[PDB]
Structure formats: C-alpha cells, structure tokens
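A quick write-up on the structure given underneath.
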Amino acid sequence: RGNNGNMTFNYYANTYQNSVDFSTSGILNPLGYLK
Amino acid sequence: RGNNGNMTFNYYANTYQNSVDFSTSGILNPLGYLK
Amino acid sequence: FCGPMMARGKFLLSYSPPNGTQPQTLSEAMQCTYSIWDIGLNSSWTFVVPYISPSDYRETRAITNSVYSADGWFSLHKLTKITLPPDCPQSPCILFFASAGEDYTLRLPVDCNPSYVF
Amino acid sequence: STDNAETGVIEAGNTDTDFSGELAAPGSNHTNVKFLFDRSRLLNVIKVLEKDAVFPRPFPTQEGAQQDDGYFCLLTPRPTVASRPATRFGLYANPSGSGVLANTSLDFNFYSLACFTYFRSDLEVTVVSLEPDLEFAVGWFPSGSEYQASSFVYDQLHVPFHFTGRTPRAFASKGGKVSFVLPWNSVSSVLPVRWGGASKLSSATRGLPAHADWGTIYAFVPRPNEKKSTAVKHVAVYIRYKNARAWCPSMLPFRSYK
Amino acid sequence: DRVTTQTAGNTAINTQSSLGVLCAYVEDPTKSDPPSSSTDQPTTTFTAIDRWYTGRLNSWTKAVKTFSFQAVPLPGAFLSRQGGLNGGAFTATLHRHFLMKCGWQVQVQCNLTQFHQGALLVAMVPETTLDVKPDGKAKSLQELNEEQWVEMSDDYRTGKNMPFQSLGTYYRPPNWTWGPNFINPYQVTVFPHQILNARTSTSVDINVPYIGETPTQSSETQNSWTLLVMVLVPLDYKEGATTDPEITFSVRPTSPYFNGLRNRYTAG
Amino acid sequence: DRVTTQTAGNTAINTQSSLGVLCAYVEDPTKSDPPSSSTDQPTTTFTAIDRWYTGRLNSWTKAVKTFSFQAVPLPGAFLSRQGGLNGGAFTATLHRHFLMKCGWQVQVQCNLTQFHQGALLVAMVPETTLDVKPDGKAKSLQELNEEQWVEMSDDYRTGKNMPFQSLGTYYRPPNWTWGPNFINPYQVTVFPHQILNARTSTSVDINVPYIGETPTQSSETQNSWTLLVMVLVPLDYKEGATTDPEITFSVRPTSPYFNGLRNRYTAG
Amino acid sequence: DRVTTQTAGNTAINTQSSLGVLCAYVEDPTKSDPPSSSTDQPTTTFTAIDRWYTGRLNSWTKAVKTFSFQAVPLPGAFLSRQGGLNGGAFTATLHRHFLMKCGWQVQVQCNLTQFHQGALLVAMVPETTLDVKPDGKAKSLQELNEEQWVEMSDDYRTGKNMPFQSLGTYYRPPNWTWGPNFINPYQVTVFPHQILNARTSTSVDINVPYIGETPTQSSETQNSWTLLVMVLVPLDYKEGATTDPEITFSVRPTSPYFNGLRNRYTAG
C-alpha cells in the first residue's frame, strides 16, 4: 500500500504504474536467531 | 453525515479521508437523570 | 555488568513518574516502580519503563516541558556495595542499552533535523 | 528480568514481565517502511538550460575546461557532487575564492532514517519553478545512459537535440509544474545506502557505487538557442519513494553532543 | 550446551563457553542459490574449501580506549593475508574467478579470566570501508601493525574521512563534513553480533548469509561483510594477572559460488 | 421518598427532605473502566476511601448579593483542606500517585426554615479556574475566609480575569477583553445541579462521572469538576429568625483509579 | 532454580543464589481470613501496598562478635523509618487504623565473595522486645546508628533487662534475675530462618503468616514478628578484599486487614 488512500480505481496497468521483477523460472519477524 | 450531500462515491479510503480511533480490545436522550 | 566474574553486589533500578522534585534517596526510589538486580552467573538485567501517562500518546520531543513530553526519571542506585576478592580490579562498569518495548509504537512522521551534516 | 546481552539477542518485554500491568494497544503503523518513505522531499535545485549543454567532465577536472555546471541532477538520496556520484558530502563554508563551486546534494531526511544497507523503490519526480511565470521543460535519461549534446538547425535557429529523443520530456504550461513516476532502472538490484566495494579493478574509489541512481534530470527552456536570456533561472526537484523496500539493519547518523 | 565443536572438512573448532551461534536474518544463513546473473556453470563448494581458516588480530591492552577497533574485510583479509589468514585452496580459487558469492561463519577467540574485566563488541558489518585509509589506499600489513587499534574519532563517526575522488583544480575544494560510511559507535549492536565479556565467555560465534547490491560480486573488490572488533568497556586487572590477552579468529566461507573462471588475477 | 440515608464505608449521610439524586449524563455515573493510557496495574477503590468526607463553606447572610458564589475544586479542596476537608487515606493515596481518575457524589447541606426565603444554585461545573486569582495563584485558606463569597463581576462574566501568561517586554501589553473560562450566571443551570430553595429542602445531591480531555489526569493539577454554590435569590427573614445559616458539604470519590505510584508529592 | 524474581505490584526483587523461600508453619502463609473480632468491613490489600519495601541495616565488619545482632520490628520499622524504611501508602494506611492484621515476606541481602568467610543467622522471631531499651523506651535512629550491632550479653540471655514497671518506694526494689523475653542464642534456629553463609548465597528469604494473642492487633503497638540478623561465625578475609560488606532487606506485607478507620494517629 504505502501512503496511498486510493481504494477505488487504477487507470494505468500495474506493469506501467510500477516496475515488476522479471522471473528466473502485524507479525514482525526477528532479524537475528540464536542457535 | 454532517454538511455533506455526496451520496455517490468516496475516492479515498475511510482511514485516509478521516481519522479513526484505535482499538483497546430523532431520539435525543437526557443529559441528566433524577434518581 | 562488565566487571570480573568474582564480583558480587546488588543494584536497585527505579522509575519515578513526574513529581515536583526528582527523587534522590534510596528511600524515595524504593517507593516508585523498581526492581533489585543481583550480580551473578547471568550478566544482564532488562528493565521495562511502564507507560504511565494521562494521554494515550506522548510527545517524542520536549519542545516545551509538560506532563505530556517529560515522564519522570529512571535512576540506578547501588543497593549493597560491590564486593571483590583480593587482586581484582576496582570500579566495575555497567553497560546501558535502550530499546523499544514490545508494545512501543510511533505516530506522525515529522521533518528531520539535518544538523548531522554540519 | 534476568538476561545475557552478550548473546546478541534481547527480547522486548512489557510492564507485566517483571511488574504488574498489561500491554498498551497499538497506536499506529507509521514506522511501516512503504508508508514512511512515500512522501515528496526536496532533492536539489538546478539551473535551467537555455542552449545545448556540455555535460560536466569526469574527475579530476582541470582548470580551463568548458562545461555547464549546476544543470544536471542525479536522482539519488546518496551524496552527489557536480552531477556525479559521490562518497563524502561537502558544502562551502567559505564561498569566497577561486574555482567553480561544485553543486552537492543529499536527501537529508532519507539518511536520518536510513537504518539499513540496501533500498529500492520506484521514484516519483516533481519539478517546481523557483521563478515567476516560467515556461520550462524537463528532460531525463536512465541510469547508465547519457545526455545527448549538440543541436540541429531549423530556419537558421539552433535547436538542441535535448528537445527530441526516446526518453521522457515533459513540457510544463506557463507557470505550471511537472510530475511523473519513474521505475527503478539501474542495472543493480538494489541501491546501496552505504557501500564497501569498488566499481573498477584499477584506480577505483572504494565505497563509490557506479549506478546507485534512478537516472538524471535537467530542465530547459522551450526556445531556440538564439532567443537566449542573461538571467539564470532555477527550478526545484522533488522526489518521492514509491513501493519502498529496505534490507539489512544499519546505523543512523551520529548526533553531536556539543 | 556451552561446550561445542564445529566441524567443517578437515577442521574442527571447540569452545567450552559458547553463547550459541548468532544467525543473521534467517534461521539457516547457509541456504543459498546460484547467481541469476551468470549463465556459466558455477564452481560450488568442494571439501578443500569447506573449512575454517584461522588468523590473528592485535592484542587487547589496558591502553586501548572505548570504541577503538580492528576490522577484518571479507574476503579481503584472505587476499592480503591479514593476521596470517592464508586461505589455501579458497584463495587460489578466488584469484581465478571474476565473480564470487558466499556467506560466512565466524568465531572470535579471546580468553580472559574470572579476575579480568572488560568487554569487546564483535560484529559482522555490512558494506564498510573501514579497511581503507582516507587517501583511498588499503592499509598494509605494516600499517595495521603500527597502529594496533584504530581510535574512534570525529572523522569515523562522521564518514568525513572515507575514500573519495578529488575534484580537480577546476573546482574550489569543498569542506567535507559527512559520509554515508560513517560509524555511530553506540549503534554497532544493530548488526549481527555477540559481546565478548571477560566474565561470561572466551569466544563468540556469528553466522551470516550472502548479501550485496547484486546477485553476485567481483572477487577482487567486494567487501559486503566486515568482521568488527570494538572495545565497549576497557580492559582492566590487578598486577600479577596475565597482561595483553591475545585475540584470534576463525572464518569459514559458506555455500560459495564462483563464476567466470580465468587465469590468475594480475593487478593492472 | 424524601427520607434517605446513603451509606459508604464507615459513613452514612441522612436527609429528610431529599429531592432525589441528580445523576449527570448517564443513569449510573459510577460505572467506569481503567484508563487506557497507563499500562501499570492501577490501585482501585478500597474500603478506607469508599466514603463521604465532610467540610464547611462560608455562611449565607442577607448581605450576599445575587450571583455571588463559592467554589470547591475537586480534588483540589482535598489537597488544600479547604473548609477543613481532610481526605484521610484518600489524600494520602492521591499524594502518592502521578495519575488519578474518578467521579464524585456530592451533597450540600443548608437548612433554613419555613419562615426564611432565598435560593442557592448548587452545581457541579466542568473545567473551571474559579479557585484561582487573576494573578495565577490559588486562593489561600485565609483569602477565602476574608472574602467569604466572590461577587459576580464583569471580569468573571467575561473571563477577562482568568490566569494567563504575561507576554514580556518585547510585546505591547494587549487589552484583555475575554476568556473561555467565563461564567454566564444565567446559564449555570445548564450543568448538573439542584436548587436549594429555603422553602423546599435542606439539602441537594448530585452524582457525576469522570470527565477529562484525556483518559486519566495528573493528581496534583486536575480540576475537571468544581462544586459551585451561587445565590439566585437573596436570603431574607424577619428579626428574631436565626441569622447567617451555615453551609456544609459532603463529597465521596467514586470508582477511583490511581496510576503511577511514587514517593509523596513534593513541590518543586 | 537459584535464579528467581519475585514480583509484587510495581516491585520485583531478583537473586541469583536463592536457597528457596522458607515458609513458616503452613505451605502458604499467605492464606488468611478477616479478623472475627471486628464487625466493620475491613480495608484489604490494594495494589499500592502489595509490594516490597526496601531498607538498610548496619554493615558487617570483622569486629562484630559472635551472637551480636540487629533487629527490625514489624510493623515498627515502618513507623520509625528504621534503615530508611518508608512504607509509602502502607504506613499512611497503618497510621489511620486502630487495628491491623498481616503476614510478611522478607528477604535479607548481603553479598560477600568466594574469598570471604563468615555466616549470619537470619530469622523471623515471634513476640520480642529486642527493639526496646531496658528503661522501656524504643531505641531511636541515632542510638541504632551509634551501637551498630547489639552485643549478646548475660542481660539478653537472661531477659533480665527487658522493659518493666518500677514498683515504687512502697516496695523494696527486688533483684531482677530473669525475664520471659530472654534470648538463648544457641536456639535461634528454632524460628523460621535461613543462614546467610558467605560461601553459599548472597540472600535469604522467609515467608511468615499472621500470629498474635488475638485475631487482630493494635497498629501502633504490635510486634508479633521481628526480623533478626545475628552473627554465627565472625566475618574474615585477607587484606585487599572488600571490607565492611553492607546489609539490606526487603519486606512485603501479605494479606493485610485494617480495621477501625480514624484520623491519623497522634501521640498522647
């Protein structure tokens, strides 16, 4: 989401409004684990 | 409602257009009661 | 605690909500929120400063001093002096860390202070 | 409560851990990375081109060089100097002397909260005029690309090649503003907030990333070279991070006690 | 429990005061895939490089001040043999590949006594240039030996002294006031770390996964991880106690992937 | 009916001319929950503080003019012992906590006769500074005794005289003309109240719940409720009738919650 | 195991050498009912008094002889603030009630070293007058500070010096030879206790229930329990070791019942 309150409509397609990775094919987790 | 005649659409989500309380989890009533 | 392992001693950590005068005495600290820490096998002690406030949120910056931006004091008293055997360094040191408790939350992003670059 | 910080792991407690009480309900999620960086801030102030330019040469630049300074804006929160990537951030405490005063920039806000090593996002750019009733246009070329210099003659008027091309050119209305979003376009996967490598095997500057940016923008007047003016015009460049993501916890700048 | 022995190849390191292994970011920093940026079959782990390499650091003395430190660049230290860190087959393979991706398992050894006091912060720090002098050149083995420990200063706290490109005579030399590679000594505990407190253990262990701005990196120039040893509490003891305790470290490259095989690297 | 006896702890107050208890805002102003702004287990009601505390107010005379009044700050009056209002264990607990949240049950006593005439308006007023002098200082017990009743004036009707911060020599001192803490005497009946009319009763009862700009408030500075006694119709009687009838009041804190225990409050 | 943390209200006391808590007479000395001798609703525990109060005792030195002791009357010490023992809301409530019934949880703290030797007997003793001088007056804070430790003597072993009523000139003054409040030092281990041996722990814990000749007792005069700290084996150590180890204690009133609320106690 981010700082976005637009729930309604998206005029431009996702791949144009944003960049997406190409394929190679609440609950905050810890950044450290003691083992 | 308030002084609002917009019945139709709400472009921005409720949590952006307004503030809402966080959780801690016609008929006009009297402000005084004689007991 | 970063003194030698042969050392022993006890400390009294206390948190006092606002008062007209800041507590100084062991007798005063002991009447506030406090815990007694014993030096031994385990080296550390965590102390959670309770969130005791009139308002559901508090000011992050004390621009003006008030009950909403200043919430009292934390203090450390030595309860029983540190005891050491002969041939041991004196004045052991205690490392201090600060962090957010599990229910800690921040609200309203504000402008940064750019002075770190001057 | 009893613990051992030497372990490298300390659990976050609450009032009821050692004392008597309860947990305070969550008040907000403003520390959310995506939400936090999703707002515009000033990146740099640049001069407006009124003719085809000569892009600043690489360092070290020697006296006598003929080039346009303070026109190109490298899109990055990282320190920049004279339109190029930099490591140290500088300013001029003594603006008095000889030599060109290199333009420098830094996203002050970003670094005050950049407690991580890598970052990535799309970039929303907004250009605002700092001059009254200005009609300008904005040009931009991708990370790894370059400014196309020179010009062509139409009706005996010189028109810079920066008026054409295959990359974004935004002509604002008189007194208007320009705004658009750009995708992460560097060849790198993420942007190194701090870096410890080197971009070359020889005579390289340790810690200086080669393409940690979203490209370069510049502004120009939609007028031929001949109708050039004498008063330098300035434009402010704002940036906003969209769909921001961050990796590997790191430090925040040191705050002096003096 | 506190007694552990970690095996790798024809190598095994023991400790009788383990605090456990601090794993950074993921439960198993060892899991890793080949780089998506190279189409050539990579060279992966073989038994001759799946082991612990051990080296030395300068001794800890009463004179070393708070926040003074020592840094070990990775894989840099292998390339320069800092502390006598000769990487055997690992270095030989590193020198023959353009690219290298890997994680690290490290243990820092420093035994004191129940009568000594002091604490060292041992961390694995991402993307630093702490092994370089402000003039841009890497500190030589001799320079490391002459200084012993680097003192924390305004320059380091500020990043004011990090490597940089001189602008040239065309420009007025600016006042350098800050750098992104600064070190805020109070926040070094933000990184994967353990504290070597004289009173609790004689060693610390950290296990980190590969990180970088790209899927894999140049063998000869990368420095994504740096082993940092910094004084938090000055060393102290009474006359008669052993002085200047030594410090050593063991490093094990994990899940390495080498790409771009070629003749041995030769400086240009 | 008109004869009631209200018990609380080791306390009981009787009246034979009750008009009933005026409950403000809700049917049971006693229902209340712990403050959401404090994570520490609060101290709640215990029998030693679940009771009525009784004090005195200045006598009513023929000379007191219409709209003249007396004010009792809550819990302020407990802190200063106004009217001899010593809060026993309640005050002792109040002085040892940073925060306090509670409601109040109050009864004002003033018996006249079937031959006297006059009426007093007794109200519980939210958020006032009627107990403070214009210079900002709280009226002392001596000052309250010297004035007896505060006369209604342009200053009070206007809020022109409420406490304020002097601007300093840098600013031209402005003409203060109004204040939000004004008192419109004609509208005091808007608040929870009852009227003590010489001809109908010798007492009045009001029961109010906790209110405030925040879930709980500073013990030492809050003044969300103020007991106000104001003359509506001047007292009058013929020679021979008892003169200067006295006025007393009883206050009971309800559903109190104390947070932030510490050593006794000490002025800075 | 040996590491424990006991919480009570906004209080928590930790020890890393616990010997366990010695509970007197019953498995849970905390279970208790209201006094059958008072018909008024009692004030019971509230969070502001459900906590540990901590104070000081005089230091232990090589010069203190075997069987020398220090005594802490309960609740007496709260009333006189012995050792800086200010009972906050507990004392405030105590001073406002005629009767009080309660038990006690106590911990005595005194850390030594693996190089020190000596042992202290820490006991909770029922019905003593060890806090009183033979002339009948209670020892003042100054007198306690001047003597530091009370030496065991024929008078104490005999009870010969306990408080008493002088007969008057009508009678021949008799030879006082014994008293029921004597102290047989060898049998002090008959009481609920633990021994603080330099070599085994730095603290001791005792938990006792309410006791008395009647269901409840006078707040101002009762002394059913007395914390006794007595030397069993003299302190000793070599030059260089820390001298005069300090002694502190923590006390928590359990299941208190207060009856007979009234204005603050005022000496007659």
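Heads up, the Cβs are rebuilt from the backbone with ideal geometry, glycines too, and the neighbour counts pull from every protein chain shown. Every number in this text was worked out from the coordinates using simple rules, so none of it is lab data.
Within the same chain, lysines fewer than 8 places from D:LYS228 are excluded, and of the rest, those with a Cα less than 24 Å from its Cα are D:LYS47, D:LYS51, D:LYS174, D:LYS177. Over the protein assembly as shown, the pair-distance histogram of Cα-Cα distances with 20 Å bins from zero comes to 9, 27, 30, 23, 9, 1, 0, 0 percent, rounded to whole numbers. Orientation-averaged projection of region G:132-185 equals 4.5 nm² [convex hull of Cα atoms, one quarter of hull surface area].
Working note: Karplus 6.51/-1.76/1.60 with θ = phi - 60° gives region D:51-68 the couplings 6, 5, 9, 10, 4, x, 6, x, 7, x, 8, 8, 3, x, 5, 10, 7, 9 Hz, where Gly and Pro are set to x.
Annotation for E:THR45, label-to-label distances across the other copies: 5.6, 6.8 nm (shortest first, one decimal, point 7 Å from Cα along Cα→Cβ).
By how many nm would the segment from E:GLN114 to E:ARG264 lengthen if fully extended, with 0.36 nm per residue of separation less the alpha-carbon distance?
Details: separation 150, 0.36 × 150 = 54.00 nm, distance 4.89 nm.
So the chain would gain 49.1 nm between E:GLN114 and E:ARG264.
Let me spell out the model: positive unit charges on the Cβ of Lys and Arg, negative unit charges on the Cβ of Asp and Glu, origin at the Cα centre of chain G. What dipole size does that give, in debye rounded to 20? Working shown, then result.
Details: 20 positive and 22 negative charges, 62 e Å.
The dipole of chain G has a size of about 300 debye.
Give the value in nm², to one decimal: projected area of the alpha carbon convex hull of region D:38-141, averaged over all directions. Mind showing how you got there, number by number?
Details: hull surface 35.6 nm².
Quarter of the Cα hull surface area: 8.9 nm².
Within the straight-line cut-off of under 19 Å between alpha carbons, the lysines reachable from C:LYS78 are C:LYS10, sequence neighbours fewer than 8 places apart in one chain being disregarded. Taking amide H as placed 1.01 Å from N in the peptide plane, the amide H of D:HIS158 sits under 5 Å from that of D:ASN225, D:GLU226, each at least 5 places away or on another chain. Over all directions, the projected convex hull of the C-alpha atoms in region D:107-149 averages 5.4 nm² in area. GNM remark for chain E: springs join alpha carbons under 10 Å apart, and the peak mean-square fluctuation among E:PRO209, E:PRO192, E:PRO134 falls on E:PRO134. Across chain E, the volume of the C-alpha convex hull divided among the residues equals 150 Å³ per residue.
Per residue, chain G reaches -2000 deg cm²/dmol at 222 nm when only DSSP H runs of four or more residues are counted, each adding -39500 (n - 2.57). What you get for region D:134-258, charging only the Cβ of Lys and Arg (+1) and of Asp and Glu (-1), is a dipole of about 540 debye around the Cα centre. Counting only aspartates and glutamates at least 8 places from E:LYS139 when in the same chain, those with an alpha carbon closer than 12 Å to its own are E:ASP131, E:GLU147.
Model label points for D:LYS228 and G:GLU239, set 7 angstrom from Cα along the Cα-to-Cβ axis, are 9.2 nm apart.
Normalised by 2.2 N^0.38 Å, with N the number of residues, the alpha-carbon radius of gyration of chain D equals 1.24.
Take G:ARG264, push a point 7 Å out from Cα through the beta-carbon direction, and compare it with the same point in every other copy: 0.6, 9.1 nm, smallest first. Projecting the Cα atoms of E:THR128, E:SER36, E:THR61 onto the charge dipole of chain E (Cβ charges, centred on the Cα centre) puts E:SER36 farthest toward the positive pole. Using a cutoff of 8 angstrom between alpha carbon atoms and counting only pairs six or more residues apart, the relative contact order for chain E works out to 41 percent.
Label separation (G:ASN175 vs E:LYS62): 6.7 nm, computed from points 7 Å beyond Cα along the C-beta direction. The 3J(HN,Hα) values that the Karplus relation (6.51, -1.76, 1.60; θ = phi - 60°) gives for region E:62-71 are, in residue order, 4, 6, 5, 7, 4, 6, 6, 8, 9, 10 Hz. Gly and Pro appear as x. Once the Cβ-Cβ distance of F:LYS137 and F:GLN187 is raised to the sixth power relative to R0 = 25 Å, the FRET efficiency obtained is 0.35. Name the residue, out of G:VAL122, G:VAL229, G:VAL150, whose mean-square fluctuation peaks in a Gaussian network model built on chain G with Cα pairs under 10 Å. The residue that fluctuates most here is G:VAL150.
Converting phi to 3J(HN,Hα) with the Karplus coefficients 6.51, -1.76 and 1.60 and the offset θ = phi - 60°, region G:72-77 yields 10, x, 10, x, x, 3 Hz in sequence order, with x at every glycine or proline.
Considering only G:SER18, G:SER203, G:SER166, the Gaussian network model of chain G with Cα springs below 10 Å gives its largest mean-square fluctuation to G:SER166.
Chain G residue nearest by beta-carbon to the axis mapping G to E, with distance in Å: G:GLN114, 5.
Let's see if you can work this out: charge +1 on each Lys and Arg Cβ, -1 on each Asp and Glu Cβ, no other charges. What is the dipole magnitude of region G:45-132 about its Cα centre, in debye to the nearest 20?
Numbers: 7 positive and 3 negative charges, 34 e Å.
Once rounded to the nearest 20, the dipole reads 160 debye.
The simple Förster model, with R0 at 25 Å and r as the Cβ-Cβ distance, assigns F:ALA12 and G:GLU220 a FRET efficiency of 0.40. Between identical copies, the spacing of F:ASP135 label points, each set 7 Å from Cα toward the C-beta atom, reads 5.0, 7.3 nm from nearest to farthest. Across the options E:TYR156, E:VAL21, A:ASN6, the greatest Cα extent toward the positive end of the charge dipole of the protein assembly as shown (unit charges at beta carbon of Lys, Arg, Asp, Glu) belongs to E:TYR156. Pairs exceeding 27 Å between alpha-carbon atoms, taken from F:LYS101/F:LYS137; C:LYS81/G:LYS31; F:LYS65/F:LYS101: C:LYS81/G:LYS31; F:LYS65/F:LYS101.
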